[PDB]
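Chemist: Got a structure here, written out as structure tokens. Questions coming.
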Amino acid sequence: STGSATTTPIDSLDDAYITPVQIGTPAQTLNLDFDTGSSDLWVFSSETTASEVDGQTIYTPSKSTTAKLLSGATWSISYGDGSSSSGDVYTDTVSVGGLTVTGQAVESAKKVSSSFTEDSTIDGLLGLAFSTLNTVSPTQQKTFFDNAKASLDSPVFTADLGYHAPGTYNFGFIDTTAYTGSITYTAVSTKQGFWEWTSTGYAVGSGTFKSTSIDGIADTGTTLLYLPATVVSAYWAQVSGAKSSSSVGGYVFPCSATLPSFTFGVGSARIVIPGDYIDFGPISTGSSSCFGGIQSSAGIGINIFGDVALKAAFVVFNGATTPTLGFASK
Ligand SMILES: CC[C@H](C)CNC(=O)CP(=O)(O)[C@H](CC(C)C)NC(=O)[C@H](Cc1c[nH]c[nH+]1)NC(=O)[C@H](Cc1ccccc1)NC(=O)OC(C)(C)C
């Protein structure tokens with residue numbers, strides 16, 4: 001079987017993308033943030049502390065005939081930006097773009113941090129990294145992808161995120177009409193539990209490609225592109241009004257400028273991010289200063305190929321026994 005769902009940016013800046021998910025019987029549609037940097041499927045629900053719920057849509061396990069409480073199981077997760085959530089777990093039918101999985105673990109939030117309450121458009125997250133990062137205790141639960149692998153026509157899922165436009169998430173098949181040229185695959189290390197790979201180098205604008213190993217993770221749940229401080233400094237050195245701003249927290253530049261492109265290597269292939277994808281947007285509505293899409297990963301402790309990077313390509317998350325990552329220009 002296969003599944004195909006449209007994913008849309010939550011705002012005009014492409015801060016995150018939401019994809020509709022059907023949970024329970026009859027189906028309860030929630031808009032989730034598909035995250036390749038985490039492994040938990042959690043949602044706001046009838047159990048979440050009332051005062052911590054904004055206008056998000058909640059899952060009511062009591063209204064679903066197929067919901068089953070997973071006795072004794074609890075969960076607690078903290079993300080890179082400091083947000084967190086926790087609760088109990090239920091198993092229920094979950095469908096994404098026509099692909100249905102039964103007995104999928106749906107983690108019910110009892111409490112959520114301030115940033116989640118504040119984001120009215122995100123109803124929860126759907127983890128797509130390796131099941132080893134799942135926070136359910138005492139026994140970890142499999143991700144939606146791991147549970148679907150048996151029925152998938154092919155153990156794969158593709159990410160085709162749009163630039164200021166909708167995109168698509170497909171499960172079990174590769175849409176040959178969605179990209180140009182051929183897909184180049186690169187090995188993945190599951191040691192840290194992420195979709196971890198090593199880039200072959202980079203190039204700024206129309207300059208020279210520098211062969212240097214860049215170990216990073218493909219994470220659809222992170223907005224920006226975080227690279228080593230020296231590579232980021234080399235990029236910004238090509239933008240005359242750009243500077244590192246301690247108050248804003250990163251490189252900023254005149255919205256006025258035409259940014260050079262940024263190329264990253266995948267084995268022998270090259271993925272080019274258009275300079276405009278690097279212009280995230282004004283620091284404030286009406287400001288003449290814009291926030292850069294490429295920032296230093298020095299403080300994160302790890303390089304992350306976020307949305308700004310991923311949206312410039314067609315990405316294939318190949319989940320076979322020995323997983324691999326494929327990238328194609330589009
Ligand atoms: C089991 C623990 C796992 C290893 C946790 N995994 C992670 O924290 C990585 P993630 O991709 O799952 C996680 C998902 C988010 C929805 C919280 N992303 C993050 O934690 C990163 C912050 C970060 C990561 N690393 C260093 N800093 N968040 C982000 O990148 C958020 C995403 C977002 C935007 C808008 C609305 C909702 C969500 N965007 C963001 O911060 O954008 C600006 C930099 C412009 C402010």
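Chain lettering (A, B, ...) mirrors the order of the structure tokens, residue numbering begins at 1 for each chain separately, and ligand numbering begins at 1 in order of display.
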When DSSP works through the backbone of this structure, what residues of range 1-58 of chain A end up as strand (DSSP E), shown as a list in words?
Modeler: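 Residues of range 1-58 of chain A classed as strand (DSSP E): residues 3, 4, 5, 6, 7, 8, 9, 17, 18, 19, 20, 21, 22, 23, 28, 29, 30, 31, 32, 33, 34, 35, 41, 42 and 43 of chain A.
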Chemist: Restricting the output to N, CA and C atoms, write the selected residues as a PDB file, in the first residue's frame.
Modeler:
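Written out: result_9.pdb:
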ATOM      1  N   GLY A   3       0.658   5.940   0.570  1.00  0.00           N
ATOM      2  CA  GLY A   3      -0.053   7.107   1.134  1.00  0.00           C
ATOM      3  C   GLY A   3       0.597   8.365   0.532  1.00  0.00           C
ATOM      4  N   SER A   4      -0.196   9.383   0.354  1.00  0.00           N
ATOM      5  CA  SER A   4       0.236  10.674  -0.207  1.00  0.00           C
ATOM      6  C   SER A   4      -0.587  11.788   0.465  1.00  0.00           C
ATOM      7  N   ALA A   5       0.102  12.696   1.110  1.00  0.00           N
ATOM      8  CA  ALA A   5      -0.525  13.814   1.813  1.00  0.00           C
ATOM      9  C   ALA A   5       0.167  15.132   1.534  1.00  0.00           C
ATOM     10  N   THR A   6      -0.660  16.172   1.442  1.00  0.00           N
ATOM     11  CA  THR A   6      -0.161  17.517   1.177  1.00  0.00           C
ATOM     12  C   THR A   6       0.294  18.186   2.465  1.00  0.00           C
ATOM     13  N   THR A   7       1.460  18.787   2.433  1.00  0.00           N
ATOM     14  CA  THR A   7       1.937  19.460   3.663  1.00  0.00           C
ATOM     15  C   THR A   7       2.043  20.963   3.355  1.00  0.00           C
ATOM     16  N   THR A   8       1.568  21.801   4.260  1.00  0.00           N
ATOM     17  CA  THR A   8       1.591  23.244   4.078  1.00  0.00           C
ATOM     18  C   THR A   8       2.318  24.001   5.147  1.00  0.00           C
ATOM     19  N   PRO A   9       2.962  25.098   4.772  1.00  0.00           N
ATOM     20  CA  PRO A   9       3.704  25.922   5.745  1.00  0.00           C
ATOM     21  C   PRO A   9       2.688  26.563   6.698  1.00  0.00           C
ATOM     22  N   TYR A  17       5.912  23.066   8.814  1.00  0.00           N
ATOM     23  CA  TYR A  17       4.896  22.525   7.890  1.00  0.00           C
ATOM     24  C   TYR A  17       3.964  21.579   8.643  1.00  0.00           C
ATOM     25  N   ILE A  18       2.677  21.644   8.317  1.00  0.00           N
ATOM     26  CA  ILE A  18       1.716  20.768   8.982  1.00  0.00           C
ATOM     27  C   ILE A  18       1.091  19.807   7.966  1.00  0.00           C
ATOM     28  N   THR A  19       0.783  18.604   8.377  1.00  0.00           N
ATOM     29  CA  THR A  19       0.162  17.589   7.461  1.00  0.00           C
ATOM     30  C   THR A  19      -1.033  16.995   8.178  1.00  0.00           C
ATOM     31  N   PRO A  20      -2.191  16.908   7.528  1.00  0.00           N
ATOM     32  CA  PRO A  20      -3.342  16.347   8.212  1.00  0.00           C
ATOM     33  C   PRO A  20      -3.216  14.857   8.458  1.00  0.00           C
ATOM     34  N   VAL A  21      -3.612  14.444   9.637  1.00  0.00           N
ATOM     35  CA  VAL A  21      -3.593  13.044  10.085  1.00  0.00           C
ATOM     36  C   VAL A  21      -4.923  12.671  10.691  1.00  0.00           C
ATOM     37  N   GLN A  22      -5.386  11.512  10.286  1.00  0.00           N
ATOM     38  CA  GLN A  22      -6.670  10.987  10.772  1.00  0.00           C
ATOM     39  C   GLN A  22      -6.381   9.997  11.907  1.00  0.00           C
ATOM     40  N   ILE A  23      -6.901  10.291  13.077  1.00  0.00           N
ATOM     41  CA  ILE A  23      -6.709   9.436  14.248  1.00  0.00           C
ATOM     42  C   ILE A  23      -8.023   8.937  14.810  1.00  0.00           C
ATOM     43  N   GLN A  28     -10.693  11.504  13.407  1.00  0.00           N
ATOM     44  CA  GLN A  28     -10.494  12.803  14.062  1.00  0.00           C
ATOM     45  C   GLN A  28      -9.234  13.363  13.328  1.00  0.00           C
ATOM     46  N   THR A  29      -9.421  14.416  12.580  1.00  0.00           N
ATOM     47  CA  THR A  29      -8.358  15.060  11.815  1.00  0.00           C
ATOM     48  C   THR A  29      -7.633  16.123  12.584  1.00  0.00           C
ATOM     49  N   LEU A  30      -6.350  15.911  12.767  1.00  0.00           N
ATOM     50  CA  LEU A  30      -5.445  16.804  13.476  1.00  0.00           C
ATOM     51  C   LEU A  30      -4.311  17.206  12.508  1.00  0.00           C
ATOM     52  N   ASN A  31      -3.835  18.410  12.658  1.00  0.00           N
ATOM     53  CA  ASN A  31      -2.755  18.845  11.770  1.00  0.00           C
ATOM     54  C   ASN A  31      -1.428  18.694  12.527  1.00  0.00           C
ATOM     55  N   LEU A  32      -0.623  17.718  12.153  1.00  0.00           N
ATOM     56  CA  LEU A  32       0.657  17.463  12.813  1.00  0.00           C
ATOM     57  C   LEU A  32       1.882  17.908  12.044  1.00  0.00           C
ATOM     58  N   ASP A  33       2.933  18.156  12.809  1.00  0.00           N
ATOM     59  CA  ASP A  33       4.254  18.591  12.311  1.00  0.00           C
ATOM     60  C   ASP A  33       5.076  17.289  12.170  1.00  0.00           C
ATOM     61  N   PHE A  34       5.258  16.894  10.932  1.00  0.00           N
ATOM     62  CA  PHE A  34       6.011  15.666  10.612  1.00  0.00           C
ATOM     63  C   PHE A  34       7.515  16.005  10.870  1.00  0.00           C
ATOM     64  N   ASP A  35       8.097  15.395  11.850  1.00  0.00           N
ATOM     65  CA  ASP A  35       9.454  15.560  12.325  1.00  0.00           C
ATOM     66  C   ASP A  35      10.449  14.472  12.232  1.00  0.00           C
ATOM     67  N   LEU A  41       4.918  10.324  18.454  1.00  0.00           N
ATOM     68  CA  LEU A  41       3.688  10.818  17.784  1.00  0.00           C
ATOM     69  C   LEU A  41       2.824  11.306  19.018  1.00  0.00           C
ATOM     70  N   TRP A  42       2.762  12.581  19.276  1.00  0.00           N
ATOM     71  CA  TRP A  42       1.952  13.094  20.432  1.00  0.00           C
ATOM     72  C   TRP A  42       1.031  14.163  19.967  1.00  0.00           C
ATOM     73  N   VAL A  43      -0.115  14.229  20.659  1.00  0.00           N
ATOM     74  CA  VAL A  43      -1.071  15.246  20.258  1.00  0.00           C
ATOM     75  C   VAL A  43      -1.759  15.900  21.448  1.00  0.00           C
TER      76      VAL A  43
END
Chemist: Would you list the residues that come within 8 Å of ligand 1? Count only C-alpha atoms and all ligand atoms and give the answer as a JSON list (two decimals) with N, CA, C and O atoms, in the first residue's frame.
Modeler:
[["chain", "number", "residue", "atom", "x", "y", "z"],
["A", 10, "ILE", "N", 3.07, 26.72, 7.95],
["A", 10, "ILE", "CA", 2.16, 27.31, 8.94],
["A", 10, "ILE", "C", 2.09, 28.81, 8.86],
["A", 10, "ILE", "O", 1.15, 29.41, 9.39],
["A", 15, "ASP", "N", 8.14, 28.66, 8.66],
["A", 15, "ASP", "CA", 8.74, 28.27, 9.96],
["A", 15, "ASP", "C", 8.59, 26.77, 10.20],
["A", 15, "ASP", "O", 9.51, 26.16, 10.76],
["A", 16, "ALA", "N", 7.48, 26.18, 9.81],
["A", 16, "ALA", "CA", 7.18, 24.75, 9.97],
["A", 16, "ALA", "C", 6.10, 24.34, 8.99],
["A", 16, "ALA", "O", 5.47, 25.24, 8.41],
["A", 33, "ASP", "N", 2.93, 18.16, 12.81],
["A", 33, "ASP", "CA", 4.25, 18.59, 12.31],
["A", 33, "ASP", "C", 5.08, 17.29, 12.17],
["A", 33, "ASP", "O", 5.49, 16.69, 13.16],
["A", 35, "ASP", "N", 8.10, 15.40, 11.85],
["A", 35, "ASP", "CA", 9.45, 15.56, 12.33],
["A", 35, "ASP", "C", 10.45, 14.47, 12.23],
["A", 35, "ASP", "O", 10.43, 13.51, 13.00],
["A", 36, "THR", "N", 11.38, 14.56, 11.29],
["A", 36, "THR", "CA", 12.41, 13.53, 11.12],
["A", 36, "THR", "C", 13.50, 13.65, 12.17],
["A", 36, "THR", "O", 14.46, 12.88, 12.15],
["A", 37, "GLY", "N", 13.38, 14.59, 13.09],
["A", 37, "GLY", "CA", 14.40, 14.75, 14.14],
["A", 37, "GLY", "C", 13.90, 14.20, 15.49],
["A", 37, "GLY", "O", 14.57, 14.41, 16.51],
["A", 38, "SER", "N", 12.77, 13.54, 15.55],
["A", 38, "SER", "CA", 12.19, 12.97, 16.81],
["A", 38, "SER", "C", 11.42, 11.73, 16.49],
["A", 38, "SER", "O", 11.12, 11.46, 15.34],
["A", 39, "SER", "N", 11.11, 10.94, 17.53],
["A", 39, "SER", "CA", 10.38, 9.71, 17.29],
["A", 39, "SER", "C", 9.13, 9.53, 18.07],
["A", 39, "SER", "O", 8.72, 8.38, 18.38],
["A", 40, "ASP", "N", 8.45, 10.60, 18.42],
["A", 40, "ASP", "CA", 7.21, 10.43, 19.18],
["A", 40, "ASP", "C", 6.03, 11.03, 18.42],
["A", 40, "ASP", "O", 6.14, 12.10, 17.84],
["A", 77, "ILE", "N", 9.04, 14.26, 26.86],
["A", 77, "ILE", "CA", 10.08, 14.64, 25.87],
["A", 77, "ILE", "C", 10.42, 16.13, 25.95],
["A", 77, "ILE", "O", 9.55, 16.93, 26.26],
["A", 78, "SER", "N", 11.66, 16.45, 25.67],
["A", 78, "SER", "CA", 12.16, 17.84, 25.68],
["A", 78, "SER", "C", 12.85, 18.03, 24.33],
["A", 78, "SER", "O", 13.61, 17.15, 23.91],
["A", 79, "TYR", "N", 12.58, 19.12, 23.67],
["A", 79, "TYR", "CA", 13.18, 19.36, 22.36],
["A", 79, "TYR", "C", 14.37, 20.34, 22.47],
["A", 79, "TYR", "O", 14.56, 20.93, 23.55],
["A", 80, "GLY", "N", 15.14, 20.53, 21.44],
["A", 80, "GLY", "CA", 16.30, 21.39, 21.32],
["A", 80, "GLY", "C", 16.09, 22.82, 21.75],
["A", 80, "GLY", "O", 16.99, 23.43, 22.33],
["A", 81, "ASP", "N", 14.93, 23.37, 21.49],
["A", 81, "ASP", "CA", 14.59, 24.75, 21.85],
["A", 81, "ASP", "C", 14.08, 24.86, 23.27],
["A", 81, "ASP", "O", 13.63, 25.94, 23.68],
["A", 82, "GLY", "N", 14.12, 23.79, 24.05],
["A", 82, "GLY", "CA", 13.64, 23.83, 25.43],
["A", 82, "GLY", "C", 12.18, 23.50, 25.60],
["A", 82, "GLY", "O", 11.72, 23.37, 26.75],
["A", 83, "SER", "N", 11.38, 23.34, 24.56],
["A", 83, "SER", "CA", 9.93, 23.00, 24.79],
["A", 83, "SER", "C", 9.85, 21.56, 25.22],
["A", 83, "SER", "O", 10.77, 20.78, 25.01],
["A", 84, "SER", "N", 8.73, 21.23, 25.83],
["A", 84, "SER", "CA", 8.53, 19.86, 26.32],
["A", 84, "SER", "C", 7.04, 19.55, 26.44],
["A", 84, "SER", "O", 6.20, 20.44, 26.39],
["A", 115, "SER", "N", 5.51, 27.31, 24.49],
["A", 115, "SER", "CA", 5.64, 27.48, 23.03],
["A", 115, "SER", "C", 4.61, 26.68, 22.28],
["A", 115, "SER", "O", 4.11, 27.13, 21.24],
["A", 116, "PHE", "N", 4.24, 25.50, 22.75],
["A", 116, "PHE", "CA", 3.23, 24.69, 22.05],
["A", 116, "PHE", "C", 1.86, 25.29, 22.21],
["A", 116, "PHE", "O", 1.03, 25.34, 21.29],
["A", 119, "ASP", "N", 1.36, 28.12, 19.76],
["A", 119, "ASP", "CA", 1.27, 27.83, 18.31],
["A", 119, "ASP", "C", -0.05, 27.15, 18.01],
["A", 119, "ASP", "O", -0.19, 25.93, 18.13],
["A", 122, "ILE", "N", -0.35, 24.08, 15.17],
["A", 122, "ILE", "CA", 0.23, 22.74, 15.34],
["A", 122, "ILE", "C", -0.50, 21.98, 16.42],
["A", 122, "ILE", "O", -0.51, 22.38, 17.59],
["A", 125, "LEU", "N", 2.91, 16.45, 17.14],
["A", 125, "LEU", "CA", 4.04, 16.06, 16.26],
["A", 125, "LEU", "C", 3.93, 14.58, 15.90],
["A", 125, "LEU", "O", 3.34, 13.78, 16.62],
["A", 127, "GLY", "N", 6.69, 11.84, 14.83],
["A", 127, "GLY", "CA", 8.11, 11.51, 14.75],
["A", 127, "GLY", "C", 8.46, 10.54, 13.65],
["A", 127, "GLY", "O", 7.81, 9.50, 13.55],
["A", 133, "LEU", "N", 14.76, 6.63, 19.71],
["A", 133, "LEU", "CA", 14.65, 7.93, 20.38],
["A", 133, "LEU", "C", 13.25, 8.08, 21.02],
["A", 133, "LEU", "O", 13.02, 9.08, 21.70],
["A", 134, "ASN", "N", 12.35, 7.13, 20.82],
["A", 134, "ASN", "CA", 11.00, 7.25, 21.42],
["A", 134, "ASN", "C", 11.07, 7.37, 22.93],
["A", 134, "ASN", "O", 11.79, 6.64, 23.62],
["A", 135, "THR", "N", 10.31, 8.31, 23.51],
["A", 135, "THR", "CA", 10.30, 8.51, 24.94],
["A", 135, "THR", "C", 9.33, 7.70, 25.73],
["A", 135, "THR", "O", 9.25, 7.87, 26.98],
["A", 194, "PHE", "N", 19.36, 9.37, 14.75],
["A", 194, "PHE", "CA", 18.82, 10.32, 13.77],
["A", 194, "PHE", "C", 19.15, 9.86, 12.33],
["A", 194, "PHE", "O", 19.86, 8.91, 12.12],
["A", 219, "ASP", "N", 16.65, 17.07, 9.29],
["A", 219, "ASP", "CA", 15.54, 17.26, 10.30],
["A", 219, "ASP", "C", 14.50, 18.20, 9.81],
["A", 219, "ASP", "O", 14.67, 19.42, 9.78],
["A", 220, "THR", "N", 13.35, 17.64, 9.41],
["A", 220, "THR", "CA", 12.25, 18.46, 8.92],
["A", 220, "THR", "C", 11.63, 19.29, 10.04],
["A", 220, "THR", "O", 10.88, 20.22, 9.74],
["A", 221, "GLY", "N", 11.91, 18.99, 11.29],
["A", 221, "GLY", "CA", 11.36, 19.72, 12.42],
["A", 221, "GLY", "C", 12.15, 20.95, 12.83],
["A", 221, "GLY", "O", 11.73, 21.60, 13.80],
["A", 222, "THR", "N", 13.21, 21.26, 12.16],
["A", 222, "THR", "CA", 14.07, 22.44, 12.45],
["A", 222, "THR", "C", 13.95, 23.35, 11.25],
["A", 222, "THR", "O", 14.07, 22.92, 10.11],
["A", 223, "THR", "N", 13.69, 24.63, 11.46],
["A", 223, "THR", "CA", 13.53, 25.57, 10.40],
["A", 223, "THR", "C", 14.66, 25.86, 9.48],
["A", 223, "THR", "O", 14.62, 25.75, 8.26],
["A", 224, "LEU", "N", 15.76, 26.28, 10.08],
["A", 224, "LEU", "CA", 16.95, 26.66, 9.49],
["A", 224, "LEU", "C", 18.05, 25.65, 9.17],
["A", 224, "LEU", "O", 17.95, 24.47, 9.49],
["A", 280, "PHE", "N", 15.31, 34.35, 5.19],
["A", 280, "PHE", "CA", 14.14, 33.90, 5.99],
["A", 280, "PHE", "C", 13.08, 34.96, 6.05],
["A", 280, "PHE", "O", 11.90, 34.63, 5.86],
["A", 291, "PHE", "N", 16.61, 38.24, 8.70],
["A", 291, "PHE", "CA", 17.27, 37.15, 9.42],
["A", 291, "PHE", "C", 17.81, 36.13, 8.42],
["A", 291, "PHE", "O", 17.07, 35.73, 7.52],
["A", 297, "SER", "N", 26.16, 26.28, 14.02],
["A", 297, "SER", "CA", 25.65, 25.16, 14.86],
["A", 297, "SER", "C", 26.54, 24.99, 16.09],
["A", 297, "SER", "O", 26.34, 24.06, 16.87],
["A", 300, "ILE", "N", 24.64, 24.50, 19.15],
["A", 300, "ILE", "CA", 23.69, 23.33, 19.15],
["A", 300, "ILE", "C", 24.53, 22.07, 19.43],
["A", 300, "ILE", "O", 24.01, 21.15, 20.07],
["A", 304, "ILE", "N", 22.69, 20.70, 11.48],
["A", 304, "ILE", "CA", 21.34, 20.29, 11.12],
["A", 304, "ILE", "C", 20.89, 20.77, 9.75],
["A", 304, "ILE", "O", 20.90, 21.98, 9.50],
["A", 306, "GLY", "N", 18.10, 21.56, 8.08],
["A", 306, "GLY", "CA", 16.73, 21.95, 8.31],
["A", 306, "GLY", "C", 15.94, 22.22, 7.04],
["A", 306, "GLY", "O", 16.42, 21.96, 5.95]]
Chemist: Calculated over only C-alpha atoms, which of the candidates A:203, A:109, A:70, A:227 has the smallest distance to residue 44 in chain A?
Modeler: A:109
Chemist: What is the CA of residue 324 in chain A to CA of residue 188 in chain A distance in Å?
Modeler: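 One can read the CA of residue 324 in chain A to CA of residue 188 in chain A distance as 5.1 Å.
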Chemist: Identify all residues of range 134-276 of chain A in alpha helix (DSSP H) (DSSP on the backbone) and supply them as a list in words.
Modeler: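 Answer for range 134-276 of chain A, restricted to alpha helix (DSSP H): residues 144, 145, 146, 147, 148, 229, 230, 231, 232, 233, 234, 235 and 236 of chain A.
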Chemist: Rounded to one decimal place, report the CA of residue 130 in chain A-CA of residue 323 in chain A distance in Å.
Modeler: 10.3 Å
Chemist: Compile the contact shell of range 234-244 of chain A as a list in words: residues with an atom at most 7 Å away, counting only C-alpha atoms, same-chain residues fewer than 3 positions apart removed.
Modeler: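 Surrounding residues, per the criterion: residues 204, 230, 231, 250, 251, 252, 253, 254 and 259 of chain A.
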Chemist: Leaving out range 138-146 of chain A and any residue of its chain fewer than 4 positions from it, which residues lie within 10 Å of it when counting only C-alpha atoms, given as a CSV table (one decimal) with N, CA and C atoms, in the first residue's frame?
Modeler:
chain,number,residue,atom,x,y,z
A,38,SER,N,12.8,13.5,15.5
A,38,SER,CA,12.2,13.0,16.8
A,38,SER,C,11.4,11.7,16.5
A,39,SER,N,11.1,10.9,17.5
A,39,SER,CA,10.4,9.7,17.3
A,39,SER,C,9.1,9.5,18.1
A,40,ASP,N,8.4,10.6,18.4
A,40,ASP,CA,7.2,10.4,19.2
A,40,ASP,C,6.0,11.0,18.4
A,41,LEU,N,4.9,10.3,18.5
A,41,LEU,CA,3.7,10.8,17.8
A,41,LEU,C,2.8,11.3,19.0
A,72,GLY,N,0.0,1.5,32.1
A,72,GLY,CA,1.3,1.8,32.7
A,72,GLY,C,2.2,2.6,31.9
A,73,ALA,N,2.0,2.9,30.7
A,73,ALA,CA,2.9,3.6,29.8
A,73,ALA,C,2.8,5.1,30.0
A,74,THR,N,3.9,5.8,30.1
A,74,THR,CA,4.0,7.3,30.2
A,74,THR,C,5.1,7.8,29.3
A,75,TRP,N,5.0,9.1,29.0
A,75,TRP,CA,6.0,9.6,28.1
A,75,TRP,C,6.4,11.0,28.6
A,89,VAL,N,-0.3,7.0,27.2
A,89,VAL,CA,-0.4,6.5,25.8
A,89,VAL,C,-1.6,5.6,25.5
A,91,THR,N,-3.3,3.4,22.0
A,91,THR,CA,-3.0,2.7,20.7
A,91,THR,C,-4.3,3.0,19.9
A,94,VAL,N,-4.4,5.0,12.9
A,94,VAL,CA,-3.8,6.3,12.4
A,94,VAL,C,-3.7,6.2,10.9
A,95,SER,N,-4.2,7.2,10.2
A,95,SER,CA,-4.1,7.2,8.7
A,95,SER,C,-3.5,8.5,8.2
A,96,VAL,N,-2.6,8.4,7.2
A,96,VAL,CA,-2.0,9.5,6.6
A,96,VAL,C,-2.0,9.4,5.1
A,100,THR,N,-3.2,3.5,6.2
A,100,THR,CA,-3.6,3.2,7.5
A,100,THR,C,-2.8,2.2,8.3
A,101,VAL,N,-2.5,2.5,9.5
A,101,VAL,CA,-1.8,1.7,10.4
A,101,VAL,C,-2.7,1.5,11.7
A,102,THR,N,-2.8,0.2,12.1
A,102,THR,CA,-3.6,-0.1,13.3
A,102,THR,C,-2.7,-0.3,14.4
A,103,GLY,N,-3.2,-0.1,15.6
A,103,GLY,CA,-2.4,-0.2,16.9
A,103,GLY,C,-1.2,0.7,17.0
A,104,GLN,N,-1.3,1.9,16.3
A,104,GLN,CA,-0.2,2.8,16.4
A,104,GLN,C,-0.2,3.5,17.7
A,105,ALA,N,0.9,3.8,18.4
A,105,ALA,CA,0.9,4.4,19.7
A,105,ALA,C,0.7,5.9,19.5
A,106,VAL,N,-0.3,6.4,20.1
A,106,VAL,CA,-0.7,7.9,20.0
A,106,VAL,C,-0.5,8.4,21.4
A,107,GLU,N,0.5,9.2,21.6
A,107,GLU,CA,0.8,9.8,22.9
A,107,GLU,C,0.0,11.0,23.2
A,126,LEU,N,4.5,14.2,14.8
A,126,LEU,CA,4.5,12.8,14.3
A,126,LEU,C,6.0,12.6,14.0
A,127,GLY,N,6.7,11.8,14.8
A,127,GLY,CA,8.1,11.5,14.8
A,127,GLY,C,8.5,10.5,13.7
A,128,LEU,N,9.5,10.9,12.9
A,128,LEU,CA,10.0,10.1,11.8
A,128,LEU,C,11.4,9.7,11.9
A,129,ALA,N,12.0,9.8,13.0
A,129,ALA,CA,13.5,9.4,13.2
A,129,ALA,C,13.4,7.9,13.6
A,130,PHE,N,14.5,7.3,14.1
A,130,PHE,CA,14.5,5.9,14.5
A,130,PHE,C,13.9,5.7,15.8
A,131,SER,N,13.1,4.7,16.0
A,131,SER,CA,12.3,4.3,17.2
A,131,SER,C,13.2,4.3,18.4
A,132,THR,N,14.5,4.2,18.4
A,132,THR,CA,15.3,4.2,19.6
A,132,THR,C,15.2,5.6,20.3
A,133,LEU,N,14.8,6.6,19.7
A,133,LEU,CA,14.6,7.9,20.4
A,133,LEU,C,13.3,8.1,21.0
A,134,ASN,N,12.4,7.1,20.8
A,134,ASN,CA,11.0,7.2,21.4
A,134,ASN,C,11.1,7.4,22.9
A,150,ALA,N,5.8,-3.0,6.9
A,150,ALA,CA,5.4,-4.3,6.5
A,150,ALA,C,4.4,-4.2,5.3
A,152,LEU,N,4.0,-1.4,3.3
A,152,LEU,CA,4.4,-0.4,2.3
A,152,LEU,C,4.9,-1.1,1.0
A,155,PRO,N,9.9,0.2,1.5
A,155,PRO,CA,10.2,0.8,2.8
A,155,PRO,C,10.8,2.1,2.7
A,156,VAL,N,10.0,3.1,2.1
A,156,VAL,CA,10.5,4.4,2.0
A,156,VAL,C,9.4,5.5,2.1
A,157,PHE,N,9.9,6.7,2.3
A,157,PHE,CA,9.0,7.9,2.5
A,157,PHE,C,9.8,9.0,1.9
A,171,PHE,N,4.4,8.0,1.1
A,171,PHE,CA,4.9,6.8,1.8
A,171,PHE,C,4.7,5.6,0.9
A,172,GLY,N,5.8,4.9,0.8
A,172,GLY,CA,6.0,3.7,0.0
A,172,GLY,C,6.2,3.7,-1.4
A,319,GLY,N,14.1,3.5,4.4
A,319,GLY,CA,14.1,2.8,5.7
A,319,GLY,C,14.4,1.3,5.6
Chemist: Which residue out of A:206, A:199, A:303, A:180 has the minimum interatomic distance to residue 268 in chain A when only C-alpha atoms are used?
Modeler: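 That would be A:199, the residue with the smallest distance to residue 268 in chain A.
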Chemist: Give me, as a list in words, all polymer residues having an atom no more than 9 Å from residue 61 in chain A, counting only C-alpha atoms and skipping those fewer than 6 positions away in the same chain.
Modeler: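 After dropping sequence-adjacent residues, the list is residues 24, 45, 46, 47, 67, 68, 69, 90, 92 and 108 of chain A.
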Chemist: Could you write those residues out with N, CA and C atoms, as a compact mmCIF listing (two decimals), in the first residue's frame?
Modeler:
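Saved as part17.txt:
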# COMPACT_ATOMS: atom_id res chain seq x y z
N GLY A 24 -8.16 7.62 15.01
CA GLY A 24 -9.35 7.03 15.55
C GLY A 24 -10.46 6.64 14.61
N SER A 45 -4.96 16.79 23.56
CA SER A 45 -6.15 15.91 23.65
C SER A 45 -7.08 16.37 24.77
N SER A 46 -8.13 15.60 24.98
CA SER A 46 -9.16 15.85 26.02
C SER A 46 -8.46 15.80 27.38
N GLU A 47 -7.27 15.24 27.47
CA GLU A 47 -6.50 15.11 28.68
C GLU A 47 -5.58 16.24 29.00
N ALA A 67 -9.76 3.11 20.15
CA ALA A 67 -8.71 3.47 21.08
C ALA A 67 -8.57 2.50 22.24
N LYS A 68 -7.34 2.20 22.61
CA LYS A 68 -7.00 1.31 23.70
C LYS A 68 -5.94 1.99 24.58
N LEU A 69 -6.21 2.03 25.87
CA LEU A 69 -5.23 2.67 26.80
C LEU A 69 -4.05 1.70 26.96
N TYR A 90 -2.05 5.77 24.30
CA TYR A 90 -3.17 4.98 23.79
C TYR A 90 -2.66 4.41 22.41
N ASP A 92 -4.19 3.33 18.65
CA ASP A 92 -5.46 3.61 17.90
C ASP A 92 -5.09 3.54 16.41
N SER A 108 -0.82 10.89 24.26
CA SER A 108 -1.74 11.88 24.77
C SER A 108 -1.12 12.83 25.76
Chemist: Give the answer as one residue: which of A:48, A:295, A:287, A:158 has the shortest atom-to-atom distance to residue 183 in chain A, using only C-alpha atoms?
Modeler: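 That would be A:158, the residue with the smallest distance to residue 183 in chain A.
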Chemist: Of the residues A:315, A:320, A:195, A:182, which is the one nearest to residue 161 in chain A, using only C-alpha atoms?
Modeler: A:315
Chemist: I'd like the neighbourhood of residue 286 in chain A as a ChimeraX atom specification, where a residue qualifies if any of its atoms comes within 12 Å (using only C-alpha atoms), though same-chain residues fewer than 4 positions away should be ignored.
Modeler: /A:254-255,281-282,290
Chemist: Hey, what's within 9 Å of residue 163 in chain A if we count only C-alpha atoms and toss same-chain stuff fewer than 5 positions away? As a ChimeraX atom specification, please?
Modeler: /A:9,14,277,308,311-312
